[PDB]
Each structure stands twice: as C-alpha cells, then as structure tokens.
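Here the structure is laid out as structure tokens; the discussion comes afterwards.
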2 protein chains.
Amino acid sequence: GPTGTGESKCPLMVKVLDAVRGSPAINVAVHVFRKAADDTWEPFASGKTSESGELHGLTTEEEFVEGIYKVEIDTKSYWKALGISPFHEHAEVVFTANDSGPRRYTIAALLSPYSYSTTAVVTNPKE
Amino acid sequence: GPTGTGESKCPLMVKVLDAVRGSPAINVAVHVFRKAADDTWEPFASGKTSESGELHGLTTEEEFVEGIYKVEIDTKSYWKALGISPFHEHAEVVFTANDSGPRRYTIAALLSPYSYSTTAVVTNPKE
Ligand SMILES: CC1=C(/C=C/C(C)=C/C=C\C(C)=C/C(=O)O)C(C)(C)CCC1
Ligand SMILES: CC1=C(/C=C/C(C)=C/C=C\C(C)=C/C(=O)O)C(C)(C)CCC1
C-alpha cells in the first residue's frame with residue numbers, strides 16, 4: 001500500500017446520488033480536511049465526483065493516519081447548476097478514523113433539495 | 001418541555017428521531033450558531049430535546065434575521081449513552097435563512113449509528 005495523496009486500496013471513497021433524477025450526482029466538489037494539533041481544520045484532499053457519482057484516490061493508506069476528518073460536499077452548487085435553489089449550504093460528514101487500526105471507509109450521500117441522507121460503510125482491510 | 005434564547009412565535013424548531021428504537025431522541029444537545037462578518041461562527045442558542053424529541057423556543061422572530069445558520073446535533077453523546085459506538089462526531093445542518101420565502105423552519109433529523117438523514121420543512125403556517 002502506496003504513500004501520500006493517491007490511492008492505496010482506497011481507504012476513503014465518496015459516492016453521491018441524486019434522488020430527484022434517479023442517477024449518480026456527477027461533478028460534485030468534495031473537500032476533505034483533518035483536524036490539526038491546534039484544533040483547526042487543515043485542508044487534506046479534494047476532488048470531484050465522476051460520471052458514476054464516485055470519488056476515489058483522495059489519499060493513501062500511508063497518509064491517512066488516525067485523526068478527526070471532515071468531508072464537505074458542495075451540494076449547493078450541484079443543485080444550482082440544475083436550476084434549483086436548495087436548502088442546505090453543503091452537507092458535511094465529521095468522524096474519527098483509524099483509531100483501532102486502519103480501515104476502509106465509504107461515505108455515501110443521497111441528495112434532494114431539502115433533504116440529505118448520509119451513511120458510512122466501514123470494512124476491515126486485508127487483500 | 002425546554003427552550004433556548006427566549007420564546008416567541010417559534011421561527012425555528014428541531015425534531016430528532018431514533019431509527020434504532022422507533023422513538024424520539026430525548027435529551028440530545030443542540031447548538032445553533034450564526035455566521036459572523038469575520039466568517040466565524042458565533043453561538044446563538046442551544047438546548048436539549050424534550051421527551052417528544054423537540055426543541056422549541058430557540059429564538060424569536062425579531063432576532064432571527066437573514067444569514068447563515070448552523071445547527072449542530074450532538075449525536076455522539078446520544079449513542080454512547082445507549083452503549084452504541086457511533087460513526088459521526090455530530091450532525092451539522094448549515095443553511096441560509098431568507099425573508100423572501102417562508103418563515104417557519106422545522107429541521108428534522110433521523111439518526112442511526114452509521115447513518116443520519118436530515119430534512120427541512122419550510123412553511124407559512126405553524127410547525
Ligand atoms: C440507500 C442509501 C444510501 C446508500 C447508497 C449506496 C451504498 C448506493 C450504491 C449503489 C447505487 C445506489 C447504485 C448505483 O451507482 O448505480 C445513502 C448513504 C446515500 C443514504 C441514503 C440511503
Ligand atoms: C427526518 C426523517 C423522518 C421524520 C420526520 C418528522 C418526525 C417530521 C416532523 C415534522 C415535520 C418534518 C414538519 C412538518 O410539520 O410538516 C422520517 C421518519 C419520515 C424518515 C426520514 C427522515
């Protein structure tokens with residue numbers, strides 16, 4: 001498993017779906033941050049979802065150390081570009097990772113203009 | 001039940017449900033904040049949900065002016081009290097409050113240990 005800003009066995013993956021059109025939510029910007037020593041959020045990784053609504057390759061197993069991470073989904077620009085003025089500014093998922101060892105995390109979000117749902121699927125690696 | 005920063009017509013209400021037990025999520029801490037010129041968040045109101053899982057009297061119409069607000073729900077303390085290991089650190093809902101539109105805002109949240117869903121009901125009448 002590789003080291004730095006690429007994809008190991010992809011420890012963090014984000015998947016976003018659209019509940020109004022019944023399709024993946026394409027081109028949604030995603031920003032990830034790690035809480036720093038000094039209690040503030042430092043930028044950790046970023047990207048855009050693909051044609052299938054997924055974003056892989058945000059980090060490696062070597063760079064994804066234990067910590068508190070924040071994944072911010074720009075849902076507002078997403079809906080605005082489809083001409084809807086949605087309710088939320090963005091959708092955020094904050095969680096503690098790899099505190100009992102490394103794990104793979106998939107963060108999924110289902111979006112509607114006035115509602116969002118999020119779920120996480122966590123698997124214990126090995127290959 | 002409870003309250004916050006003083007009781008009026010109830011321009012903002014929060015309701016929290018438990019998907020694991022099919023009940024209202026009681027005694028959950030809720031904090032609300034208003035975004036400031038310097039872009040940081042300032043405390044605005046807070047409280048704990050009552051027996052029916054609702055939190056009212058957080059603000060009043062004079063004080064609730066346009067801006068961007070953040071509602072933070074301490075979901076982690078809620079699952080720990082139940083003996084469940086939860087995934088999220090808390091649930092946040094960030095939205096812009098506008099005059100133009102409707103006035104009553106109900107933010108509802110349905111919690112599971114690895115997943116949460118949030119919806120907003122914005123009306124002209126009550127609740
Ligand atoms: C049910 C559900 C969710 C998970 C969806 C997943 C895990 C979808 C995987 C593949 C799909 C839906 C088909 C596809 O890409 O073609 C999320 C967390 C969004 C929250 C709302 C309820
Ligand atoms: C969040 C949530 C849910 C609960 C909603 C509740 C308890 C709403 C109460 C009042 C509302 C939404 C405003 C209105 O008075 O019209 C259900 C179980 C549907 C599942 C999806 C997630």
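Indexing begins at 1, ligand by ligand and atom by atom, following the structure's order. Order of the sequence lines sets the chain letters (A, B, ...), proteins ahead of strands, with each chain counted from 1.
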Hey, looking at atom 3 (C) of ligand 1, which of A:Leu17, A:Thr119, A:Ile107 has the closest heavy atom? A:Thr119

Do any N or O atoms from the side chain of B:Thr49 and from the backbone of B:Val28 form a donor-acceptor pair under 3.5 angstrom? yes

In terms of atom number and element, which parts of ligand 2 are under 4.0 angstrom from non-hydrogen atoms of B:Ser117? 22 (C)

Do A:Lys15 and ligand 1 have an N or O pair less than 3.5 Å apart? yes

Protein non-hydrogen atoms only, distance under 4.0 Å: does atom 1 (C) of ligand 2 have such a neighbour? yes

Can A:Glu54 and A:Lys15 be said to form a salt bridge (charged side-chain N to carboxylate O under 4.0 Å, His left out), step by step? CA-CA 4 Å; A:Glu54 295 175 336; A:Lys15 180 144 178 84; 3.8 Å; yes

Picking from A:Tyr105, A:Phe33, A:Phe64, what satisfies ring pair (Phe, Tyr, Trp, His ring centres under 6.0 Å) with A:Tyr69? A:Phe64

Does A:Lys9 have more than 12 heavy atoms from other residues, nucleotides or ligands lying within 6.0 Å of its NZ? yes

Would you say B:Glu66 and B:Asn98 are linked by a side-chain donor-acceptor pair, where the criterion is simply a distance under 3.5 Å? yes

re atom 8 (C) of ligand 2, the protein heavy-atom contact at minimum distance is B:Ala108 CB, 4.4 Å

Proximity to ligand 1 by part of B:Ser115, non-hydrogen separation under 4.0 Å: neither

Can a non-hydrogen atom of A:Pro24 be found less than 4.0 Å from any atom of ligand 1? no

Starting from atom 10 (C) of ligand 2, locate the nearest protein heavy atom and write down its residue, its atom name and how far away it is, to 0.1 Å. B:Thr106 CG2, 4.3 Å

Output yes when B:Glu89 and B:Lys76 qualify as a salt bridge under the 4.0 Å nitrogen-oxygen rule, no when they do not. yes

From atom 6 (C) of ligand 1, is the closest protein heavy-atom distance below 4.0 Å? no

Identify the closest protein heavy atom to atom 15 (O) of ligand 2: which residue and atom is it, and at what distance? B:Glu127 O, 3.3 Å

On a heavy-atom basis, which atom in A:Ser85 and which in A:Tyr114 lie closest, and how many Å separate them? O-CE1, 4.3 Å

for atom 20 (C) of ligand 2, nearest protein heavy atom and its distance come out as B:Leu110 CD2, 3.5 Å

Which ligand 1 atoms does A:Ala109 reach within 4.0 Å, using its non-hydrogen atoms? 19 (C)

Taking every non-hydrogen atom, the tightest pair across B:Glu92 and A:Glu92: O-OE1, 3.3 Å

Which protein non-hydrogen atom lies closest to atom 12 (C) of ligand 2, naming both residue and atom, and how far is it? B:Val121 CG2, 3.1 Å

Side-chain (A:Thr119) to main-chain (B:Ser115) donor-acceptor, under 3.5 angstrom: no

